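Chains as they are written, first to last, in our numbering: chain D, 1441 to 1454; chain U, 1441 to 1454; chain A, 306 to 516; chain C, 306 to 516.
A short write-up of the structure that comes next.
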Amino acid sequence: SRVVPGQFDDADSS
Amino acid sequence: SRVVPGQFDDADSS
Amino acid sequence: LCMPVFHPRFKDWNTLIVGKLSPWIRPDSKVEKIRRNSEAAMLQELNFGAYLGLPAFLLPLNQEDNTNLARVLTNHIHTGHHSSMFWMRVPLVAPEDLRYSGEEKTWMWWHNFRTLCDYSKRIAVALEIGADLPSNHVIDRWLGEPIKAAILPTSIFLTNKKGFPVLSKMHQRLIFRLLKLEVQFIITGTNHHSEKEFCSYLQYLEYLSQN
Amino acid sequence: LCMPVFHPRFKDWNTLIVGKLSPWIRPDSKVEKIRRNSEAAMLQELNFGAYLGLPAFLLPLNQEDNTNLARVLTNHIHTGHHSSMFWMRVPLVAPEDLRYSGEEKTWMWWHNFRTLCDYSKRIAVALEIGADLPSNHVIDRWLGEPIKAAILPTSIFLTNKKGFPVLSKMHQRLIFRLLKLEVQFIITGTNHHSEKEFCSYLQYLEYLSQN
């Protein structure tokens, strides 16, 4: 439950 | 969930 | 047997319980016998839910005709011992479509049932999201209806470079439109999902709140 | 993974959610490695519970020594992101006893932990009932403590002539003493129990309210 850098970044692929 | 007669009577045995 | 709803505590989550009708129950089965068995079992379960004080109850509609489902439900409300909110589980897109009768189909489903219950304030909708998304004219229509919750399967999340669940860009625009109504959330497919993994889906949705 | 508590709406039930620590977690294991793994996992789960807004969390104590369990818990409270109530799951009678060090043993367990947490108002007890019952001098002692809930296994109910679950006469006198404090209820052993069968246990307890 500790947020990390880039956690919420978009999928650069599908 | 419709209560019937004697539902809550005591166990006449163990 | 019940189901956990998650309501965002940001206007920090909150969790509540809603009941779920057993799946084998099909009050509008073409078959006679199933209709009678299901009409009976539905009332058993609605009263068990009222007895526990469940704030809402989830009833699925996934076909055109729901006259039987509307009647049993109207009857159960008349008694006075009711959970006092009923969330109809409806797909934004019909699953049979993906292998006005078009993309507005499932809306008509709801609208027809809605009118059968005389626009009862006790009846709302719990909308189920899939991979396919319909137009905006139909998305607009739905947003006029009373959506209490949105049902999101784990299968519609992409994983990103860092290896975490995220929503497609189209899906992000939809959800954001749903957090504007303050709906509650339900996540399906938590099977084979650690409790630390399931926690991230909620983290993402909380982040998505500010975008 | 969570657990449903049932609170009597009579002063008509109500249902709420409390979290449960995974069972493999043993912060005071004699073994070093388990202590470290468990101390870590406990915090993972306490914060996941706070994140969901769970009103209480169930932490088991079933041995004399709980220094490790008290410390991790005191640490987690200090952070400020806490479910804000912790119910310690304690047996009225020690299970190893049934195949002051006597019947007051499990009370000392709690009392010792209670003092380790500096009589924290966030810490209460969830008392577990078995078949054996201790004296009244020890029942008196417990009723001074802050019991929030009582844990009742299906296995302690007798069936009566009509074929329904009922409490032994001794057990009835105890429970009645517990509905006087307005505790909440937890029923274990619902496995292999239809939802219509599980409903009767609650019916009985509601009847027992007037006796």
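We treat Cβ as the ideally placed atom computed from N, Cα and C, and that holds for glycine.
Spatial distance of residue i from residue j (CA atoms)
| i | j | result |
| --- | --- | --- |
| residue 312/A | residue 345/C | 28 Å |
| residue 398/C | residue 412/C | 9 Å |
| residue 372/C | residue 349/C | 19 Å |
| residue 435/A | residue 319/C | 33 Å |
| residue 503/A | residue 327/C | 16 Å |
| residue 329/A | residue 306/A | 13 Å |
| residue 387/C | residue 321/A | 18 Å |
| residue 445/A | residue 393/C | 50 Å |
| residue 473/C | residue 512/C | 14 Å |
| residue 1441/D | residue 341/C | 19 Å |
| residue 352/C | residue 363/C | 13 Å |
| residue 425/C | residue 457/C | 26 Å |
| residue 400/A | residue 336/C | 53 Å |
| residue 1452/D | residue 1446/D | 12 Å |
| residue 368/A | residue 354/A | 24 Å |
| residue 441/C | residue 490/A | 48 Å |
| residue 310/C | residue 1449/D | 38 Å |
| residue 377/A | residue 370/C | 56 Å |
| residue 406/A | residue 475/A | 24 Å |
| residue 325/A | residue 483/C | 31 Å |
| residue 492/A | residue 357/C | 14 Å |
| residue 501/C | residue 451/A | 32 Å |
| residue 494/A | residue 1454/U | 44 Å |
| residue 497/A | residue 510/C | 36 Å |
| residue 460/A | residue 334/A | 29 Å |
| residue 314/C | residue 485/C | 13 Å |
| residue 317/C | residue 421/A | 29 Å |
| residue 477/C | residue 449/C | 20 Å |
| residue 419/A | residue 427/A | 10 Å |
| residue 423/A | residue 308/A | 27 Å |
| residue 338/C | residue 323/A | 40 Å |
| residue 1444/U | residue 416/C | 44 Å |
| residue 316/C | residue 499/C | 29 Å |
| residue 410/A | residue 385/C | 49 Å |
Whole-angstrom C-beta distance between residue j and residue i, which should lie under 8 Å
| i | j | result |
| --- | --- | --- |
| residue 447/A | residue 432/A | 7 Å |
| residue 390/A | residue 454/A | Residue 390/A to residue 454/A, Cβ: 10 Å. No contact. |
| residue 505/A | residue 470/A | 6 Å |
| residue 487/C | residue 443/C | Contact doesn't hold; Cβ gap of about 22 Å is too wide. |
| residue 395/C | residue 366/C | 6 Å |
| residue 343/C | residue 332/C | 5 Å |
| residue 507/C | residue 479/C | 17 Å between Cβ atoms; not a contact. |
| residue 481/C | residue 516/C | 6 Å |
Residues that DSSP places opposite residue i in a beta bridge
| i | result |
| --- | --- |
| residue 319/C | 312/C |
| residue 422/A | According to DSSP, residue 422/A bridges with nothing at all. |
| residue 307/C | 324/C |
| residue 433/A | 396/A and 456/A |
| residue 361/A | 323/A |
| residue 472/C | 462/C |
| residue 489/A | 454/A |
| residue 391/C | 362/C and 428/C |
Contacts that residue i makes with chain B (C-beta to C-beta distance below 8 Å)
| i | result |
| --- | --- |
| residue 358/C | In the structure shown, chain B cannot be found, because the protein chains are D, U, A and C. |
Contact test: residue i Cβ vs the ligand NAD heavy atom, cutoff 7 Å
| i | result |
| --- | --- |
| residue 461/C | Of the ligands one can find in the structure shown there are none, so the ligand NAD has no counterpart to examine. |
Interface positions of the stretch 458-477 of chain A facing chain D (Cβ-Cβ less than 8 Å), listed along the chain: Along the stretch 458-477 of chain A, the positions whose C-beta sits under 8 Å from a C-beta of chain D are 463, 464, 465, 466, 467, 469, 471, 473 and 474, read in chain order.
Residues of the stretch 481-515 of chain A whose Cβ lies closer than 9 Å to any Cβ of chain D, in chain order: The stretch 481-515 of chain A vs chain D, Cβ under 9 Å: 501, 504, 505, 508, 509, 512 and 513.
Members of the stretch 405-428 of chain C that neighbour chain A once the beta carbon cut-off is set at 7 Å: With the criterion set as a beta carbon lying under 7 Å from some beta carbon of chain A, the stretch 405-428 of chain C has no members that meet it.
Contact the stretch 374-385 of chain A vs the stretch 348-366 of chain A: 3+ CB pairs below 8 Å: The stretch 374-385 of chain A makes contact with the stretch 348-366 of chain A: 3 or more CB pairs, one atom from each, lie closer than 8 Å.
Cβ contact check for the stretch 395-410 of chain C and the stretch 459-472 of chain C: 3 or more pairs under 8 Å: With the rule of 3 Cβ pairs closer than 8 Å, the stretch 395-410 of chain C does not count as touching the stretch 459-472 of chain C.
Near-chain A residues of the stretch 309-342 of chain C (beta-carbon distance less than 8 Å), N- to C-terminal order: Sequence-ordered contacts of the stretch 309-342 of chain C with chain A read 309, 311, 314, 317, 318, 319, 320, 321 and 322 [C-beta pairs closer than 8 Å].
Under 8 Å (Cβ pairs) to chain C, residues found in the stretch 352-381 of chain A: Going along the stretch 352-381 of chain A in chain order, one finds 353, 356, 357, 358 and 359 with a Cβ nearer than 8 Å to chain C.
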